[PDB]
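A.B. asks: what's the 3D shape of this:
(5 chains, ligands or ions: 15)
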Amino acid sequence: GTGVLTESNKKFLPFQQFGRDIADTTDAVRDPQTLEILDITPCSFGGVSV
Amino acid sequence: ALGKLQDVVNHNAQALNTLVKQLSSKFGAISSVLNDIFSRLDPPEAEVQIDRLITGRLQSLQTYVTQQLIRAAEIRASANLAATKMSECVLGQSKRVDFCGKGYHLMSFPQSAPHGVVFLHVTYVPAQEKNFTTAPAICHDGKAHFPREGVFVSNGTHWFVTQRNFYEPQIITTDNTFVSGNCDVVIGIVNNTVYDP
Amino acid sequence: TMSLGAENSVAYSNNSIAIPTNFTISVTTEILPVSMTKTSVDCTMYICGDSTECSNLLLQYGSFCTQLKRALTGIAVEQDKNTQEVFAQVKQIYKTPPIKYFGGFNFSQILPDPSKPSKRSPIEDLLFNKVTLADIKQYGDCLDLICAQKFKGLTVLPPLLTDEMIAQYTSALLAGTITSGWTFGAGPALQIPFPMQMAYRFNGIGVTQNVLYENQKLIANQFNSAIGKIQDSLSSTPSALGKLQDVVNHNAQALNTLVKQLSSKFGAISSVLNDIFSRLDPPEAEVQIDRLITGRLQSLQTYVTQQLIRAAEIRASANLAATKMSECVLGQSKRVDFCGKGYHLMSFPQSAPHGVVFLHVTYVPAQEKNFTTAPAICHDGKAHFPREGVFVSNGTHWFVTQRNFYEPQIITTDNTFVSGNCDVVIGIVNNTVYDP
Amino acid sequence: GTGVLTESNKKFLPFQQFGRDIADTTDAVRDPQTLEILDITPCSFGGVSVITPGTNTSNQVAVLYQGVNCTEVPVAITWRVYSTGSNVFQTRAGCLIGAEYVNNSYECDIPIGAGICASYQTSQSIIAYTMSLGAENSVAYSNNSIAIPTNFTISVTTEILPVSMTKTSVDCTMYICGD
Amino acid sequence: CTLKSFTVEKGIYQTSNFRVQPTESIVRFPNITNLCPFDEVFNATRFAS
Ligand SMILES: *[C@@H]1O[C@H](CO)[C@@H](O[C@@H]2O[C@H](CO)[C@@H](O)[C@H](O)[C@H]2NC(C)=O)[C@H](O)[C@H]1NC(C)=O
Ligand SMILES: *[C@@H]1O[C@H](CO)[C@@H](O[C@@H]2O[C@H](CO)[C@@H](O)[C@H](O)[C@H]2NC(C)=O)[C@H](O)[C@H]1NC(C)=O
Ligand SMILES: *[C@@H]1O[C@H](CO)[C@@H](O[C@@H]2O[C@H](CO)[C@@H](O)[C@H](O)[C@H]2NC(C)=O)[C@H](O)[C@H]1NC(C)=O
Ligand SMILES: *[C@@H]1O[C@H](CO)[C@@H](O[C@@H]2O[C@H](CO)[C@@H](O)[C@H](O)[C@H]2NC(C)=O)[C@H](O)[C@H]1NC(C)=O
Ligand SMILES: *[C@@H]1O[C@H](CO)[C@@H](O[C@@H]2O[C@H](CO)[C@@H](O)[C@H](O)[C@H]2NC(C)=O)[C@H](O)[C@H]1NC(C)=O
Ligand SMILES: *[C@@H]1O[C@H](CO)[C@@H](O[C@@H]2O[C@H](CO)[C@@H](O)[C@H](O)[C@H]2NC(C)=O)[C@H](O)[C@H]1NC(C)=O
Ligand SMILES: *[C@@H]1O[C@H](CO)[C@@H](O[C@@H]2O[C@H](CO)[C@@H](O)[C@H](O)[C@H]2NC(C)=O)[C@H](O)[C@H]1NC(C)=O
Ligand SMILES: *[C@@H]1O[C@H](CO)[C@@H](O[C@@H]2O[C@H](CO)[C@@H](O)[C@H](O)[C@H]2NC(C)=O)[C@H](O)[C@H]1NC(C)=O
Ligand SMILES: *[C@@H]1O[C@H](CO)[C@@H](O[C@@H]2O[C@H](CO)[C@@H](O)[C@H](O)[C@H]2NC(C)=O)[C@H](O)[C@H]1NC(C)=O
Ligand SMILES: *[C@@H]1O[C@H](CO)[C@@H](O[C@@H]2O[C@H](CO)[C@@H](O)[C@H](O)[C@H]2NC(C)=O)[C@H](O)[C@H]1NC(C)=O
Ligand SMILES: *[C@@H]1O[C@H](CO)[C@@H](O)[C@H](O)[C@H]1NC(C)=O
Ligand SMILES: *[C@@H]1O[C@H](CO)[C@@H](O)[C@H](O)[C@H]1NC(C)=O
Ligand SMILES: *[C@@H]1O[C@H](CO)[C@@H](O)[C@H](O)[C@H]1NC(C)=O
Ligand SMILES: *[C@@H]1O[C@H](CO)[C@@H](O)[C@H](O)[C@H]1NC(C)=O
Ligand SMILES: *[C@@H]1O[C@H](CO)[C@@H](O)[C@H](O)[C@H]1NC(C)=O
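C.D. replies: Residues are numbered from 1 along each chain as shown, chains lettered A, B, ... in the order given. Ligands and ions are numbered 1, 2, ... in the order given. Provided below are the atomic coordinates:
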């Protein structure tokens, strides 16, 4: 996937690895090398009108 | 009573979440994640799986637009009615029955609301009715007399003329009643004296 | 090449005026659809019946069933609302007087008939039988066109208000109009003798209340005869009831179309689902089955989409019918052609299967006579203008009469208000204005 | 096929073995062992609807089985289907379980259908009642009787009409092919 | 479950469909009697070499 990555403030249980939104798309994940919960959000988008 | 305005918000909201849930729908594919299909499938066979997902999303998009368009017409019909009520009721007195409030419409006052307009209809409601004895016309001097703009009324002894909506008894006068024809032709005629000022 | 209509030439001049000398009371019928059959469809067993495998793909395919059930439910709820707004205008149920004399006016045809089992008017019973060709809680055969729908799941939900309850509403509306006229609609019902009420309505159309009173018997005979002609006109097979019949035909055609789409392969090897699951292997079955579900789903979506569009049309008709209920039946309406043709006197509502039939009593002028007219009359140097009539010349003496019926009156100071001078106005004719 | 099987009154020609009705489903089949014709109707099916006063107002509920005879549905047949002791009312809409039919007529609260409505009333329980059209008023028509109001009241009534819906836009590409 | 909410408001809601399940299975004999003569071929007095 493609997005911007920041540290996730969501408390994340030890057995839990993946977080999903209402649409069930993955929004949070733990880094493989060191378990670090990171929120994934889409890169900035916006409609343009002339 | 603002539920009608509330329903409009609920329908637009609920349909919007519906499109979101349709994203998770498989549509006969291997996964609902497009990137997963690309990684898990080589380009030739991937086209078959992606196409099934593409129409599934496309059909959901087509349905939502169709639902919105039908919903838009319903709101436009209400808006055209509301615009008519704006002109017919607020801007002037309307004789159309029950269009502007219940009963006789004195005036209407508009009040703004989120995604709607609230109408305050000031109406005249008659009350405290009292029964009376009435006659179609009064025979006084051999010529039948009809009430010009009122109704002939006696409480039991003396006949009077009053406006239809409100009880105000006036003595029978020549100015009060226009005279035409003779007494015999009209059925139900009642003898009384028509005073001349 | 079709004719637009008859060609008639009306002679226009400065001086010529036509004043009617007689009137014809005409009763016209207006038919408006009010509701459609409330249909609910079991999505799963429309898609596939006793197909345990198909339940897996249908669940996997999505929750499309929820919206279709919700969309159909919204239509069904709205349908019961439409009949409520049109019929339940009056909160108080009104009972017809035991005395049926109304000054010679005969209302037996439109009044409910106690002898008939259903508390319906003779016109209403005739209306039901004309439409009853299109219409089973026992389901004895089915545990027959109705079963062809429930065998597939297309089910008809009974209306919340039954016909008897609707008939009670119509009779209550009938009782209010005869006994109280317009008063019952706006506020508490006030009794008023019927000849006075019709005389009041005559003033609404611009005719003085006296004209009705001398011609009461003639009006009563005209009105009673006019009601009778409606019965045989409705008894004629070519009728406007097709509009009501179109609604049921539209519902039937849609229901049959869904049945055909079941037999429609949508490109499948076999229309029958059992053949798909049996002959082919589970891998090959899925490809053939998936194409079947997509085709079945599209037919359901088109039916719901088409039903929503048709439901909107009924809603527009229902709103128009409700407006006609309040504006015409409850009171006299000055909107031209809104209720019947010609000047509207009053309207009678009669319930119909899935609709309402409006009987509009209208005033139609007749037997017009030419006359010569002047805008104003000069008597003593000041122009006189008719207060509420028109200056009509008999050819020897001038007269003033009401503009919808010929009743010549001698010009008096009361008849004509004075204003201005004589020279300013064009076409003013010299005459004598009698002073009482 | 799957359904309840009964004898068939309708005759069959010698060559034809099974018969499909207007529904195009086989509604009558002749038994291969014994040439007698048998009528086949599917096992009884129907949709269920739940009448609830609301989660705030207790958890007592009543359930109506649409378009099904009361004797048709057994008390055994996921839910317990309440019990035969629970009041059973047969309506044109279907069979209703768990509500007391009463002869008193009240204004509708929950529309069951066919003139039947139910509400939570007290000892609070769900009761099904026949529609009350309204109060019955008889007005004395007469040759010479008229009524004229001696007073008036000014009333203010409110009408609420939707005017506009929320403007919405869709970025098609990210919905269909996201990222 | 159908409303997908813990709270439910006043009203009537369609929730599911109740169906009677089949009690047992039935398969039907065509009364076929076209039996093979292999038995008398098996019950043959002599067999070929
Ligand atoms: C019906 O007509 C009038 C209206 O009330 C009544 O006449 C009045 O009666 C009072 C009572 O003595 C007198 O003081 C007034 O001078 C009367 N007015 C006129 C114009 O005559 C009459 O009494 C009423 N009938 C009954 C039975 O009360
Ligand atoms: C009143 O009289 C005038 C004058 O004769 C009529 O005008 C003509 O009427 C005849 C027959 O009615 C028509 O054939 C002519 O075409 C009319 N003249 C013109 C110039 O068109 C008038 O019609 C009479 N009024 C009525 C109601 O018949
Ligand atoms: C109506 O009367 C007028 C006479 O005042 C005539 O109509 C026209 O009037 C203007 C102004 O007087 C003249 O210039 C025209 O020549 C008149 N036209 C005709 C055709 O006469 C006429 O007498 C009347 N209009 C009719 C009969 O249509
Ligand atoms: C106006 O009313 C009708 C036409 O609308 C006519 O009255 C007829 O009079 C004859 C003469 O006795 C009767 O035989 C008919 O029955 C009457 N008609 C009806 C419908 O009853 C006539 O043109 C006019 N009559 C009057 C009194 O003005
Ligand atoms: C109102 O009209 C109806 C219809 O003509 C009258 O009922 C008819 O009465 C006659 C004689 O009793 C019968 O021969 C007809 O069969 C009846 N017709 C119907 C449709 O019932 C009724 O008498 C009239 N009533 C008044 C008060 O005029
Ligand atoms: C105009 O109307 C008058 C009144 O109806 C008609 O003249 C009347 O004629 C009779 C005898 O023919 C007299 O007894 C009346 O006194 C006359 N009335 C008046 C007011 O003079 C006259 O015939 C009508 N004009 C036309 C052309 O028909
Ligand atoms: C109506 O009568 C008056 C008065 O008789 C007419 O006014 C004109 O006044 C002038 C000047 O005072 C005089 O020539 C006559 O008195 C009148 N002339 C004519 C030709 O009558 C007025 O014209 C008359 N109107 C009509 C339509 O005849
Ligand atoms: C005016 O006239 C009489 C006076 O009592 C009323 O007639 C009776 O009124 C009572 C109650 O108002 C009704 O229950 C009766 O049915 C009436 N009699 C008949 C024969 O129907 C009449 O109702 C009074 N009018 C009003 C508006 O109160
Ligand atoms: C109005 O009073 C009259 C009594 O004069 C009744 O109406 C009809 O009157 C005629 C002639 O007297 C009788 O032959 C009829 O039998 C009367 N009709 C009925 C139905 O009996 C009646 O009492 C009054 N009408 C009302 C109150 O509507
Ligand atoms: C008409 O209007 C109202 C009744 O709707 C009456 O006003 C009441 O009058 C009494 C005594 O005068 C007071 O105690 C109340 O407080 C008043 N109510 C209001 C809302 O002001 C009024 O008196 C009636 N008058 C007539 C003649 O009927
Ligand atoms: C690799 O990841 C594992 C745990 O995820 C752990 O051994 C360590 O964090 C990483 N190894 C090195 C050498 O960084
Ligand atoms: C009114 O009085 C006159 C004069 O006697 C009479 O001719 C007429 O019949 C009376 N009318 C009534 C309705 O009593
Ligand atoms: C239900 O079935 C019984 C007999 O099986 C019958 O008497 C009754 O009328 C049926 N109910 C309805 C509503 O048809
Ligand atoms: C809904 O629940 C709240 C909280 O228990 C309560 O205050 C309210 O009265 C309830 N509403 C109804 C209509 O019972
Ligand atoms: C109510 O009506 C039913 C039939 O409609 C009847 O069986 C019963 O006796 C009546 N009374 C009561 C109190 O239920």
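A.B. asks: Kindly indicate whether residue B:79 is helix, strand or coil.
C.D. replies: Going by DSSP: H, G, I helix; E, B strand; the rest coil, the secondary structure assigned to residue B:79 is helix.
A.B. asks: Leaving aside the residues adjacent along the chain, what's closest to it?
C.D. replies: residue D:163 (5.3 Å; Cβ to Cβ, 6 or more residues apart in numbering or on different chains). Yep, even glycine has a C-beta here, placed from its N, CA and C like the rest.
A.B. asks: OK, contacts around that neighbour?
C.D. replies: Residue D:163 makes contacts with B:75, B:78-79, B:82, B:115-117, as judged by Cβ atoms under 8 Å, 6 or more residues apart in numbering or on different chains.
A.B. asks: who are the neighbours in contact with the residue of chain E at minimum distance from ligand 8?
C.D. replies: Nearest residue of chain E to ligand 8 (Cβ to the nearest ligand atom) works out as residue E:10 at 38.3 Å. Applying Cβ under 8 Å, 6+ apart to residue E:10 gives the contacts D:52-54, D:57, D:109-110.
A.B. asks: Top of the residues you listed by number of neighbours, please.
C.D. replies: residue D:53 (24 neighbours; other Cβ atoms under 10 Å in any protein chain shown).
A.B. asks: That residue contacts residue D:99, doesn't it?
C.D. replies: No. Judged on Cβ atoms under 8 Å, residue D:53 makes no contact with residue D:99 at a distance of 10.9 Å.
A.B. asks: Between those two, which contacts overlap?
C.D. replies: residue D:126.
A.B. asks: helix, strand or coil for residue 32?
C.D. replies: Answering for chain A, as no chain was given. Per three-state DSSP, residue A:32 ends up coil.
A.B. asks: actually it's chain E I care about, not the one you picked
C.D. replies: Once three-state DSSP is applied, residue E:32 turns out coil.
A.B. asks: Quick check, central residue of chain A?
C.D. replies: Centroid-nearest residue in chain A, with Cα atoms, centre = their mean: residue A:40, separated by 2.3 Å.
A.B. asks: Now do the phi/psi pair for that residue.
C.D. replies: phi -110, psi 120 (degrees, to the nearest 10).
A.B. asks: Next: residue B:105.
C.D. replies: Torsion angles, degrees, to the nearest 10, at residue B:105: phi -90, psi 110.
A.B. asks: Could you double-check that residue B:185 lies in contact with residue B:143?
C.D. replies: No. The criterion here is Cβ under 8 Å, and residue B:185 misses it with residue B:143 at 11.0 Å.
A.B. asks: what ranges do the strands span in the chain?
C.D. replies: Since you didn't name a chain, this refers to chain A. For chain A, the strands defined by DSSP state E occupy A:4-7, A:18-20, A:26-30, A:37-41.
A.B. asks: Chain E is the one I meant
C.D. replies: Under DSSP E, chain E gives strands at E:11-19.
A.B. asks: The residue in chain B that ligand 8 sits nearest to: what secondary structure?
C.D. replies: At 2.7 Å from ligand 8, residue B:131 is the closest residue in chain B, using Cβ to the nearest ligand atom. Recorded secondary structure, residue B:131: strand (three-state DSSP).
A.B. asks: any idea how far the residue lying closest to it once chain neighbours are set aside lies from residue A:1?
C.D. replies: Sequence neighbours aside, residue D:147 is the residue nearest to residue B:131 in space, at 5.2 Å (criterion: Cβ to Cβ, 6+ apart). Residue D:147 is 79 Å from residue A:1, where distance means Cβ to Cβ, to the nearest Å.
A.B. asks: Against residue B:48, how distant is the spatially most distant residue from the centre of chain B?
C.D. replies: Going by Cα atoms, centre = their mean, the residue of chain B most distant from its centre is residue B:42, 62.2 Å out. Using Cβ to Cβ, residue B:42 is found at 11 Å from residue B:48.
A.B. asks: hang on, isn't the residue nearest to residue B:131 packed against residue C:193?
C.D. replies: No. Counting by Cβ under 8 Å, residue D:147 does not reach residue C:193; the two are 11.2 Å apart.
A.B. asks: Now do the same contact list for residue E:15.
C.D. replies: D:48-50, E:2.
A.B. asks: Quickly name whichever of these is closest to residue E:45.
C.D. replies: Distance to residue E:45, by Cβ to Cβ, is smallest for residue D:48 among the contacts of residue E:15, at 71.9 Å.
A.B. asks: for that closest one, what are its contacts?
C.D. replies: Counted by Cβ under 8 Å, 6+ apart, residue D:48 has contacts D:63-66, E:14-18.
A.B. asks: Nearest residue to residue B:4 in space, please, no chain neighbours.
C.D. replies: residue D:160 (5.4 Å).
A.B. asks: wait, the one you found sits on residue B:7?
C.D. replies: No. At 10.8 Å, residue D:160 does not count as touching residue B:7 under the criterion of Cβ under 8 Å.
A.B. asks: what's around the closest residue to residue B:156 other than its chain neighbours, how many residues?
C.D. replies: Nearest non-adjacent residue to residue B:156, counting by Cβ to Cβ, 6+ apart: residue B:133, 7.0 Å away. For residue B:133, the count of nearby residues is 16 (other Cβ under 10 Å).
A.B. asks: Let me see the contact set for residue B:133.
C.D. replies: B:153-156, D:144-146.
A.B. asks: mind checking the SS state of the closest residue to ligand 5 within chain B?
C.D. replies: Nearest residue of chain B to ligand 5 (Cβ to the nearest ligand atom) works out as residue B:187 at 16.1 Å. Here residue B:187 is recorded as coil under three-state DSSP.
A.B. asks: can you give me the helices in chain B?
C.D. replies: For chain B, applying DSSP state H gives helices covering B:3-23, B:34-40, B:43-85.
A.B. asks: Can you pull up the residues of chain B that come close to chain A?
C.D. replies: Residues of chain B lying close to chain A (Cβ under 8 Å from any Cβ of the partner chain) are B:17, B:20-21, B:23-24, B:32, B:35.
A.B. asks: try it again with 10 Å
C.D. replies: B:17, B:19-24, B:32-36 (Cβ under 10 Å from any Cβ of the partner chain).
A.B. asks: Drop the exposed ones from those residues and show what's left.
C.D. replies: With burial judged by 16 or more other Cβ atoms under 10 Å in any protein chain shown, the buried subset of the residues of chain B next to chain A is B:19, B:21-23, B:32-34.
A.B. asks: List the contacts of the most centrally placed residue in chain E.
C.D. replies: Centroid-nearest residue in chain E: residue E:25, 4.7 Å away (criterion: Cα atoms, centre = their mean). Residue E:25 makes contact with residue D:2, according to Cβ atoms under 10 Å, 6 or more residues apart in numbering or on different chains.
A.B. asks: That one and residue D:26, how far apart?
C.D. replies: Taken as Cβ to Cβ, the span from residue E:25 to residue D:26 is 17 Å.
A.B. asks: Repeat that for residue E:29.
C.D. replies: With Cβ to Cβ as the criterion, residue E:29 and residue D:26 are 19 Å apart.
A.B. asks: Then residue B:82?
C.D. replies: The value you get for residue B:82 to residue D:26, if Cβ to Cβ is used, is 56 Å.
A.B. asks: Which residue is the nearest non-sequential neighbour of residue E:8?
C.D. replies: Using Cβ to Cβ, 6+ apart, the nearest residue to residue E:8 is residue D:55, at 4.8 Å.
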